[PDB]
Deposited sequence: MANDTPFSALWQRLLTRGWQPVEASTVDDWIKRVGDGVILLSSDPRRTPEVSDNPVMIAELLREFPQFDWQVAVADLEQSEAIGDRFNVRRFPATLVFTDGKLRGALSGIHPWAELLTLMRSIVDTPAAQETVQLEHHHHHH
């Protein structure tokens, strides 16, 4: 997770504790079970409409930021357009889910 965390920050994505505009939040679970970034990166790319911002939560703050949004499965991603994807999904599935949230 240490390597993953640094890779997410090296992307410029901002960290958020249990504390907006057009942005998405990535919640992580212990890597010993990490591919969510690239896919999300791809998703946003396929949706040029918003100037999506991205924020990430470490292991603890992902626990907290999850119940609040009733997220029981990880990796998960919260979509805010101006103020939720959860679990593992093949590229195809993910897109339809994000396509539903947007429209």
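Student: Write out the missing regions of the deposited sequence in sequence order, one range per stretch.
Tutor: Holes in the chain trace, numbered from 1: 1 to 6, 26 to 33, 48 to 51, 102 to 105, 126 to 142.
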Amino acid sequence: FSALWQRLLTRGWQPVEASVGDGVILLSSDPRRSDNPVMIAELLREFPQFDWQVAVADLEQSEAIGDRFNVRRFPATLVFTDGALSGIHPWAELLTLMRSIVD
From here on, numbers count along this sequence of modelled residues.
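Student: So, looking at the entry's B-factor column for Cα atoms, which has the higher mean, 4 to 12 or 94 to 102?
Tutor: So the stretch with the higher mean C-alpha B-factor is 94 to 102.
Student: Considering only modelled residues of the same chain, in which third does the CA B-factor of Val20 rank: lowest, middle or highest?
Tutor: As the PDB entry reports it, the C-alpha B-factor of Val20 lands in the highest third of its chain.
Student: Per the entry's values, where does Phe74 land by CA temperature factor relative to the rest of its chain, in the lowest, middle or highest third?
Tutor: Lowest third.
Student: Could you tell me which third, lowest, middle or highest, the C-alpha B-factor of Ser28 occupies within its chain?
Tutor: Lowest third, going by the recorded CA B-factors of the chain.
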